[PDB]
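See below for protein.cif, which holds mmCIF, C-alpha atoms and all ligand atoms.
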```
data_upload
#
loop_
_atom_site.group_PDB
_atom_site.id
_atom_site.type_symbol
_atom_site.label_atom_id
_atom_site.label_comp_id
_atom_site.auth_asym_id
_atom_site.auth_seq_id
_atom_site.Cartn_x
_atom_site.Cartn_y
_atom_site.Cartn_z
ATOM 1 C CA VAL A 3 97.191 151.277 204.187
ATOM 2 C CA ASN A 4 96.459 152.659 207.664
ATOM 3 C CA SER A 5 93.400 153.938 209.544
ATOM 4 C CA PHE A 6 94.078 157.712 209.527
ATOM 5 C CA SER A 7 91.217 159.600 207.832
ATOM 6 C CA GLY A 8 90.689 163.049 206.547
ATOM 7 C CA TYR A 9 94.325 164.164 206.367
ATOM 8 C CA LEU A 10 95.770 166.532 203.794
ATOM 9 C CA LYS A 11 98.977 165.156 202.276
ATOM 10 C CA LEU A 12 101.808 167.675 202.505
ATOM 11 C CA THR A 13 104.682 165.535 201.320
ATOM 12 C CA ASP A 14 105.575 161.921 200.584
ATOM 13 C CA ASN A 15 105.516 161.232 204.345
ATOM 14 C CA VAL A 16 103.831 164.161 206.183
ATOM 15 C CA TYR A 17 100.056 164.550 206.575
ATOM 16 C CA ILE A 18 98.059 167.220 208.472
ATOM 17 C CA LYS A 19 94.551 167.507 209.923
ATOM 18 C CA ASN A 20 92.584 169.971 212.040
ATOM 19 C CA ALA A 21 91.883 167.651 214.958
ATOM 20 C CA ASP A 22 92.068 167.241 218.713
ATOM 21 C CA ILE A 23 94.956 164.806 219.189
ATOM 22 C CA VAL A 24 93.168 163.257 222.188
ATOM 23 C CA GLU A 25 90.059 162.497 220.148
ATOM 24 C CA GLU A 26 92.121 161.455 217.164
ATOM 25 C CA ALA A 27 94.097 159.052 219.376
ATOM 26 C CA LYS A 28 90.903 157.682 220.948
ATOM 27 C CA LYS A 29 89.550 156.782 217.553
ATOM 28 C CA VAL A 30 92.591 155.554 215.688
ATOM 29 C CA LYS A 31 94.400 153.906 218.647
ATOM 30 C CA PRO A 32 97.697 154.452 216.787
ATOM 31 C CA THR A 33 100.832 152.476 217.556
ATOM 32 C CA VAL A 34 102.511 155.738 218.648
ATOM 33 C CA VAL A 35 101.084 159.039 219.877
ATOM 34 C CA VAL A 36 103.619 161.820 220.476
ATOM 35 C CA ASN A 37 103.380 163.948 223.606
ATOM 36 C CA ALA A 38 104.703 167.520 223.760
ATOM 37 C CA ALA A 39 106.631 166.792 226.954
ATOM 38 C CA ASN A 40 108.955 168.760 229.199
ATOM 39 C CA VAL A 41 112.141 167.329 230.719
ATOM 40 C CA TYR A 42 110.385 166.558 234.031
ATOM 41 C CA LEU A 43 107.421 164.819 232.343
ATOM 42 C CA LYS A 44 105.123 167.166 234.282
ATOM 43 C CA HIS A 45 102.002 167.046 232.119
ATOM 44 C CA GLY A 46 100.275 170.149 233.327
ATOM 45 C CA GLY A 47 98.912 171.866 230.254
ATOM 46 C CA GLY A 48 98.906 172.136 226.515
ATOM 47 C CA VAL A 49 98.949 168.856 224.635
ATOM 48 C CA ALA A 50 100.541 167.058 227.595
ATOM 49 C CA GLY A 51 97.868 168.226 230.074
ATOM 50 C CA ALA A 52 95.131 167.125 227.663
ATOM 51 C CA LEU A 53 96.687 163.681 226.931
ATOM 52 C CA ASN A 54 97.287 163.082 230.615
ATOM 53 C CA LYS A 55 93.727 164.113 231.564
ATOM 54 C CA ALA A 56 92.369 161.661 228.971
ATOM 55 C CA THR A 57 94.321 158.847 230.734
ATOM 56 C CA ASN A 58 92.736 159.759 234.105
ATOM 57 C CA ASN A 59 96.254 160.774 235.333
ATOM 58 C CA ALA A 60 97.744 157.317 234.640
ATOM 59 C CA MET A 61 100.245 158.940 232.264
ATOM 60 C CA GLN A 62 101.466 161.212 235.097
ATOM 61 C CA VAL A 63 101.759 158.300 237.562
ATOM 62 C CA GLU A 64 103.840 156.300 235.081
ATOM 63 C CA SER A 65 105.924 159.379 234.243
ATOM 64 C CA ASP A 66 106.716 160.131 237.892
ATOM 65 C CA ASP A 67 108.083 156.600 238.309
ATOM 66 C CA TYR A 68 110.157 157.027 235.117
ATOM 67 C CA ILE A 69 111.721 160.268 236.396
ATOM 68 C CA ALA A 70 112.359 158.847 239.866
ATOM 69 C CA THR A 71 114.358 156.031 238.235
ATOM 70 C CA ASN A 72 116.062 157.822 235.330
ATOM 71 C CA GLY A 73 116.119 161.556 236.056
ATOM 72 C CA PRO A 74 115.003 164.239 233.604
ATOM 73 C CA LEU A 75 115.079 164.006 229.848
ATOM 74 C CA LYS A 76 117.281 166.254 227.701
ATOM 75 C CA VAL A 77 115.788 169.102 225.695
ATOM 76 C CA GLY A 78 115.630 167.523 222.232
ATOM 77 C CA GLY A 79 115.315 164.039 223.741
ATOM 78 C CA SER A 80 112.546 161.504 224.224
ATOM 79 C CA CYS A 81 111.377 158.365 225.961
ATOM 80 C CA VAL A 82 108.848 155.661 225.076
ATOM 81 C CA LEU A 83 106.193 154.933 227.708
ATOM 82 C CA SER A 84 102.730 153.392 227.638
ATOM 83 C CA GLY A 85 100.009 154.880 225.468
ATOM 84 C CA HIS A 86 97.413 153.880 228.090
ATOM 85 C CA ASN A 87 93.893 154.089 226.595
ATOM 86 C CA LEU A 88 95.044 156.344 223.736
ATOM 87 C CA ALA A 89 97.683 154.363 221.790
ATOM 88 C CA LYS A 90 99.972 151.379 222.167
ATOM 89 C CA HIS A 91 102.894 153.663 223.067
ATOM 90 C CA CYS A 92 103.433 157.307 223.886
ATOM 91 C CA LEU A 93 106.637 158.887 222.603
ATOM 92 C CA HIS A 94 107.313 161.773 225.008
ATOM 93 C CA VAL A 95 109.403 164.294 223.022
ATOM 94 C CA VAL A 96 110.901 167.469 224.507
ATOM 95 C CA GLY A 97 111.018 170.357 222.069
ATOM 96 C CA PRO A 98 112.698 173.584 223.173
ATOM 97 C CA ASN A 99 110.465 175.944 225.158
ATOM 98 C CA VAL A 100 111.036 179.490 223.874
ATOM 99 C CA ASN A 101 109.274 180.861 226.999
ATOM 100 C CA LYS A 102 112.192 179.307 229.007
ATOM 101 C CA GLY A 103 114.929 180.577 226.609
ATOM 102 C CA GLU A 104 115.913 177.194 225.062
ATOM 103 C CA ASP A 105 117.740 177.043 221.760
ATOM 104 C CA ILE A 106 115.374 176.676 218.813
ATOM 105 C CA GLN A 107 118.076 174.700 216.929
ATOM 106 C CA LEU A 108 117.150 171.872 219.319
ATOM 107 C CA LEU A 109 113.829 171.563 217.477
ATOM 108 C CA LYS A 110 115.498 169.521 214.724
ATOM 109 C CA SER A 111 116.996 167.148 217.304
ATOM 110 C CA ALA A 112 113.532 166.771 218.863
ATOM 111 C CA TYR A 113 111.950 165.787 215.534
ATOM 112 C CA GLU A 114 114.757 163.264 214.853
ATOM 113 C CA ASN A 115 113.202 161.091 217.575
ATOM 114 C CA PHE A 116 110.230 160.494 215.259
ATOM 115 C CA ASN A 117 112.488 158.596 212.806
ATOM 116 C CA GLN A 118 112.697 155.663 215.240
ATOM 117 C CA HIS A 119 108.981 154.922 214.568
ATOM 118 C CA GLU A 120 107.460 153.927 211.236
ATOM 119 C CA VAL A 121 104.135 155.747 211.809
ATOM 120 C CA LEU A 122 103.157 158.388 214.402
ATOM 121 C CA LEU A 123 100.268 160.646 215.399
ATOM 122 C CA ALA A 124 101.826 163.875 216.601
ATOM 123 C CA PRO A 125 101.432 167.548 217.446
ATOM 124 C CA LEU A 126 103.724 170.219 216.097
ATOM 125 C CA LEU A 127 106.689 170.248 218.467
ATOM 126 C CA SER A 128 107.421 173.457 220.372
ATOM 127 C CA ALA A 129 104.094 174.971 219.190
ATOM 128 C CA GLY A 130 101.318 176.178 221.483
ATOM 129 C CA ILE A 131 102.480 177.029 224.992
ATOM 130 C CA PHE A 132 106.082 176.124 224.083
ATOM 131 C CA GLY A 133 106.213 179.432 222.230
ATOM 132 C CA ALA A 134 107.734 178.590 218.840
ATOM 133 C CA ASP A 135 106.318 179.632 215.481
ATOM 134 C CA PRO A 136 104.182 176.665 214.302
ATOM 135 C CA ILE A 137 104.994 177.462 210.652
ATOM 136 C CA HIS A 138 108.716 177.047 211.474
ATOM 137 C CA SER A 139 107.920 173.875 213.406
ATOM 138 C CA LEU A 140 106.106 172.436 210.379
ATOM 139 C CA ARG A 141 109.062 173.266 208.120
ATOM 140 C CA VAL A 142 111.511 171.529 210.482
ATOM 141 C CA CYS A 143 109.164 168.531 210.696
ATOM 142 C CA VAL A 144 108.988 168.164 206.909
ATOM 143 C CA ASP A 145 112.757 168.599 206.536
ATOM 144 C CA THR A 146 113.667 166.190 209.384
ATOM 145 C CA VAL A 147 111.106 163.391 209.733
ATOM 146 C CA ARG A 148 111.378 160.614 207.131
ATOM 147 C CA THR A 149 108.849 158.211 208.672
ATOM 148 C CA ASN A 150 105.103 158.641 208.245
ATOM 149 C CA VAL A 151 103.773 161.411 210.479
ATOM 150 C CA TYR A 152 100.143 162.361 210.960
ATOM 151 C CA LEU A 153 100.023 165.843 212.471
ATOM 152 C CA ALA A 154 97.004 166.950 214.501
ATOM 153 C CA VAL A 155 96.497 170.717 214.788
ATOM 154 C CA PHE A 156 93.882 171.683 217.380
ATOM 155 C CA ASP A 157 93.244 175.265 216.227
ATOM 156 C CA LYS A 158 91.292 175.510 212.964
ATOM 157 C CA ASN A 159 92.565 179.030 212.277
ATOM 158 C CA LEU A 160 96.142 177.835 212.689
ATOM 159 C CA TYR A 161 95.550 174.730 210.568
ATOM 160 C CA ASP A 162 94.288 176.845 207.655
ATOM 161 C CA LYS A 163 97.300 179.153 207.998
ATOM 162 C CA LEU A 164 99.735 176.209 208.042
ATOM 163 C CA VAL A 165 98.266 174.858 204.828
ATOM 164 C CA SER A 166 97.968 178.155 202.950
ATOM 165 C CA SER A 167 101.586 179.157 203.684
ATOM 166 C CA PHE A 168 103.157 175.720 203.085
ATOM 167 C CA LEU A 169 105.927 175.677 200.484
HETATM 168 O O1 LIG A 201 92.955 168.971 224.131
HETATM 169 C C1 LIG A 201 93.804 169.411 223.433
HETATM 170 N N1 LIG A 201 93.963 168.918 222.088
HETATM 171 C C2 LIG A 201 94.982 169.438 221.235
HETATM 172 O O2 LIG A 201 95.103 169.020 220.131
HETATM 173 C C3 LIG A 201 95.907 170.535 221.759
HETATM 174 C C4 LIG A 201 96.920 171.065 220.924
HETATM 175 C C5 LIG A 201 97.744 172.052 221.463
HETATM 176 S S1 LIG A 201 99.045 172.794 220.448
HETATM 177 O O3 LIG A 201 100.097 173.413 221.257
HETATM 178 O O4 LIG A 201 99.775 171.780 219.686
HETATM 179 N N2 LIG A 201 98.271 173.931 219.432
HETATM 180 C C6 LIG A 201 98.824 173.993 218.098
HETATM 181 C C7 LIG A 201 99.522 175.314 217.842
HETATM 182 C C8 LIG A 201 98.640 176.506 218.245
HETATM 183 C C9 LIG A 201 97.147 176.227 218.132
HETATM 184 C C10 LIG A 201 96.540 175.758 219.452
HETATM 185 C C11 LIG A 201 96.937 174.342 219.858
HETATM 186 C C12 LIG A 201 97.528 172.497 222.773
HETATM 187 N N3 LIG A 201 96.568 171.983 223.522
HETATM 188 C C13 LIG A 201 95.758 171.013 223.046
HETATM 189 N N4 LIG A 201 94.691 170.461 223.926
#
```

As structure tokens, what does this structure read like?
Amino acid sequence: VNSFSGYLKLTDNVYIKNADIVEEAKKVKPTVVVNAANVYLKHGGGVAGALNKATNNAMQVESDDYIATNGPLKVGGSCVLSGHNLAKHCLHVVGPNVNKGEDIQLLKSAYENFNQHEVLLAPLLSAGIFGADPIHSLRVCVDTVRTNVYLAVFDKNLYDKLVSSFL
């Protein structure tokens, strides 16, 4: 039993809710919140901009130190940093950005990072400003992630479409 409330169960291990991931994180304080990161951990907009704003820019300060030490992430890769006031940990995961021409096949590799964590609160990778089809992203999630994933979808119209078209 865990503290996530109001989710629709899609599969044995995947759950979905129309929610603001920032507000969901603030209330649940999950062990892991997933950020929709880029390779530079520049959290300017989308999910990343919103998560970072909710930390009063502490996420960006920590991220800049990480990059200065380690260099950029790989597309499809991840790193674990602090969750600040939102979660114990933040798993920064880089899905491919279609608006930069990155290979959508890397979306499966991105979701594989979730399997290193027993339970996660997450957005749909490569959705939103990353330019992928969120229905495809949900399919890859379901077919790749084996751990327990609680997906927060900000847009109510999109959430209803994801549910109604789910196979
Ligand atoms: O404050 C915020 N809370 C959020 O949950 C959030 C989620 C996303 S999104 O890319 O995952 N997306 C989901 C796909 C398309 C619908 C529109 C949103 C972007 N910005 C956000 N800002």

Nearby polymer residues, ligand LIG 201 (chain A), at most 8 Å, only C-alpha atoms and all ligand atoms, as an NGL selection string: :A and (21-25 or 38 or 47-53 or 125-132 or 136 or 154-161)

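Our summary of the geometry notes that CA of residue 144 in chain A is positioned 18.9 Å from CA of residue 80 in chain A.
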
6 Å contact set for range 99-114 of chain A, all atoms listed in the file, chain neighbours under 4 positions out, as a PDB file with C-alpha atoms, in the frame of the given file:
```
ATOM      1  CA  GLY A  78     115.630 167.523 222.232  1.00  0.00           C
ATOM      2  CA  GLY A  79     115.315 164.039 223.741  1.00  0.00           C
ATOM      3  CA  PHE A 132     106.082 176.124 224.083  1.00  0.00           C
ATOM      4  CA  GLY A 133     106.213 179.432 222.230  1.00  0.00           C
TER       5      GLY A 133
END
```

Picked residues, the PyMOL selection byres (((chain A and resi 124) around 6) and not hetatm), as a list in words: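 After applying the PyMOL selection byres (((chain A and resi 124) around 6) and not hetatm), what remains is residues 35, 36, 123, 125 and 153 of chain A.
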
Just want the 10 Å neighbourhood of residue 88 in chain A, counted on only C-alpha atoms, with same-chain residues fewer than 2 positions away dropped. Output as a list in words.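 In the requested format, the answer is residues 23, 24, 25, 26, 27, 28, 29, 30, 31, 32, 33, 34, 35, 53, 54, 56, 57, 84, 85, 86, 90, 91 and 92 of chain A.
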
Residue IDs satisfying the PyMOL selection byres (((chain A and resi 121) around 6) and not hetatm), as a ChimeraX atom specification: /A:119-120,122,150-151

A:10, A:140, A:77, A:147 ranked by distance to residue 167 in chain A, top pick (using only C-alpha atoms):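 Nearest to residue 167 in chain A: A:140.
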
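CA of residue 73 in chain A sits 19.9 Å away from CA of residue 59 in chain A.
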
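Across the model, the gap from CA of residue 61 in chain A to CA of residue 148 in chain A is 27.5 Å.
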